[PDB]
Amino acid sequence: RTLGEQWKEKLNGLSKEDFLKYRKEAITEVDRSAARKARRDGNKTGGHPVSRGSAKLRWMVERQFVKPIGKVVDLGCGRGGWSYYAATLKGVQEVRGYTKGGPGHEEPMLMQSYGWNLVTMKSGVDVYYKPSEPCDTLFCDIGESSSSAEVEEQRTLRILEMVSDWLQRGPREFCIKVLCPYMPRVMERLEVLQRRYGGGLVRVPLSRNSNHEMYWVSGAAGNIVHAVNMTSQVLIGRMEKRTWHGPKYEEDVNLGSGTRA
C-alpha cells in the first residue's frame, strides 16, 4: 500500500544469498577491527567505539541534526555507543544511560574513552516502566526488527508512546529511532509528535538496506510522509540491481582518552 510496505514484501521474498548481497550494497560501513581486538585485550583506553551506533550518531551531530548538551539521557544504551560519543562533546556535562540487559540484551561496557567519568550507565532497566526525569538531551535507540511489519508497527508505536513522557519534560535536543516509519499508524503519530515537539525524520547512510530505520531528530524538518517515501525509493532501487559493487568502507573516528572536569 505504501512504498515501504512494498519494500518489506520484496525484502521478505529474497533468497538467503540475495539478502546478504543486498543488505550492504552502497551503505556506509566503518572499521570495527580496533574495537574487536581491544574488546578482548582489556584495552579500555584505545578510544575505539564499542559499537556501530557510535558512528551513526556522529553522522547526525556533525550535520547538526542534533546538538547534545547539558544532561543527556540515553534510553536503550546497550553497550553505550551513543553515551560514550556524547561524553566527548563540549556541550555535554552528564550522560545517564539505561538499557534492559539480561540474556540476549547487550550489557554496558566500561571504557576509558574521553569523558568517561561523565557516563553512568545502569542496566536492568526496562524503559517502558521507568519514570521520566529532567534532561536536556534525549536519546532513544530502541527497535527490534522483525519479519512482520505489523510487529514492527506495534513496537514503534510503543516506543513513540514512551518517549513523549520524556519529551514533555522539556528537552530540546533529541534523537529517537523510528524502526518502522513507513506504516500509516506510525506516520500519523509522527505528524502529531512533530506538531507538538518539532524535528523531522532523517535516514543515516550507515543503516543497512535490510531495515527501514529512520531517526526523529530535533534539527531536521519538513514533510514526514515524503521523507519516508524517498528513503523507500532508494531502498527499492537498491534491490533492482545487476552491478553489486558492495559497501563504501570508511574509518571510524577515535573517541580519545582521559577525564573531563
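Numbering starts at 1 and follows the sequence shown.
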Comparing 25-33 with 50-58, the one whose average Cα B-factor in the PDB entry is higher: 25-33
According to the deposited model, is the average Cα temperature factor higher in 73-81 or in 142-150? 142-150
Per the PDB entry, maximal CA B factor within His212, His226, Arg195, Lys67: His226
Please rank the C-alpha B-factors of the chain's modelled residues and tell me whether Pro181 sits in the lowest, middle or highest third. middle
Comparing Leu201 with the other modelled residues of its chain, is its CA B-factor in the lowest, middle or highest third? middle
Relative C-alpha B-factor of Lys100, binned into the chain's lowest, middle or highest third: lowest
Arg155 CA temperature factor, ranked by third within the chain: middle
By the record's CA B-factor, is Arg189 among the lowest, middle or highest third of residues in the chain? middle
